[PDB]
Amino acid sequence: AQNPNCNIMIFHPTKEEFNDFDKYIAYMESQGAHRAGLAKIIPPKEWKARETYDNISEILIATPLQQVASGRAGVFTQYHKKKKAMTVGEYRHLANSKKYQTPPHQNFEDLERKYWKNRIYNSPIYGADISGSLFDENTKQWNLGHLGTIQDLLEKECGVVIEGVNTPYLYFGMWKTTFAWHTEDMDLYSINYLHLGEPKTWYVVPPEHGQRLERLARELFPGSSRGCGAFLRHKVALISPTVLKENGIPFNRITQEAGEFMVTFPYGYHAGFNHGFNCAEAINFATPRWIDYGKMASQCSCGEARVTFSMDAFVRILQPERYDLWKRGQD
Ligand SMILES: O=C(O)CNC(=O)C(=O)O
Ligand SMILES: [Mg+2]
Ligand code: NI
Ligand SMILES: [Zn+2]
């Protein structure tokens, strides 16, 4: 078995190898990459996402989210308070202010320590989940706005024809902005490209051990667990590496820098934070191997997680028994 310790693998494709996205994903899996839950892909040196970022300040963040924490430093929840709209120019200036900027630090490790020590005492503002793309239309390789769609994957593998569309989303981050422990909707893959700015640190649990993280989360967030049988779908819970180590949960960590892709694999729980002002683009995708994970994915039926138009069809076709009760939560 390849990659039996479930380490995060890093790939350096040549420009020739960067032409066929599906094939490269299948290659990475042939080497065991999926066992980690997360892989890094460093694009060929010749490749670029776009020519410059010189005119991005005019993008609107219509609903910036202030991430307010509750709990203790290693075990907390976050709630997202909606703020008034601001442009990326406004947001970047805010990120760089004395109140919100990255503190002085020695290296990524010292900054990681400062994040876990101090996150809960601050409320950074995240411009998340903005439909759009920063890839130039002429970028032909690994352009997250030109991938094969999940609906088309389901049609090719299963023959069924469904409504829905699949488009990317932009994320504008600042110091301490946080993504809580989650898997993707319907346990899909994700791919995330860091267009610009400061790094993003990731933590991940191998898919084969995801249920160990779930059991810990039920112990650490016991009222959330009683409220919903899949409350990590709410994307609100944080658990630090120290706490994971104390409880014997297998995990890995890696820092993504500007110009790099990350791939998350089906049922790979992940969480993380941004080091400073940055912009990432991400989208879900499927392969044939995903189909069985889609059939088995948990669902939030308490109604909090409240998910997309396109996820309806996935549930209807892959989880017809759940269909009914899941759409009662989503209506
Ligand atoms: O970048 C972020 O804030 C969160 N991204 C993801 O969880 C992802 O790409 O799957
Ligand atoms: Mg602009
Ligand atoms: Ni994710
Ligand atoms: Zn729920």
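Just follow the structure's listing: the first ligand is 1, and inside any ligand the first atom is 1. The analysis underlying the following values was restricted to heavy atoms, covering all of them including side chains, and did not include hydrogens, waters or symmetry mates. Position 1 is the first residue of the sequence; numbering continues from there.
Listed by chain and number, the residues in a ring-ring contact (aromatic ring centres under 6.0 Å, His included) with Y269 are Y267 (sequence neighbours excluded).
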Distance-only donor-acceptor hits, side chain of residues 68-78, under 3.5 Å, sequence neighbours excluded:
| from | atom 1 | to | atom 2 | distance (Å) |
| --- | --- | --- | --- | --- |
| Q78 | OE1 | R119 | NH2 | 2.9 |
| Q78 | NE2 | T178 | O | 3.2 |

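For a distance threshold of 2.8 Å, the protein N, O or S atoms nearer than that to the Ni ion (ligand 3), listed by chain and number, are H182 NE2, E184 OE2, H270 NE2.
For a heavy-atom separation below 4.0 Å, the residues in contact with ligand 1 are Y126, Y171, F179, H182, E184, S190, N192, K200, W202, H270, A282.
Side chain of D187 to main chain of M296: no donor-acceptor pair is present (N/O by atom type, distance under 3.5 Å, no hydrogens or angles). Checked by atom type and distance alone, the side chain of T102 pairs as donor or acceptor with a backbone atom of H275 at under 3.5 Å.
A donor and an acceptor atom, one from each side chain of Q67 and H80, are located under 3.5 Å apart. In the model, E184 has no side-chain atom that pairs as donor or acceptor with a side-chain atom of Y293 under 3.5 Å.
Between the NE2 atom of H234 and the SG atom of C228, the angle taken at the Zn ion (ligand 4) works out to 110° after rounding to 10°.
Around the CD atom of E163, the shell of radius 6.0 Å holds more than 12 heavy atoms that belong to other residues, nucleotides or ligands. Counted within 6.0 Å of CD on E16, heavy atoms from surrounding residues, nucleotides or ligands total more than 12; the atom is thus considered enclosed.
A cation-pi arrangement is present between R50 and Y53 under the rule of less than 6.0 angstrom and at most 45 degrees off the ring axis.
Taking 4.0 Å as the cut-off between side-chain N and carboxylate O, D312 and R322 do not count as a salt-bridged pair.
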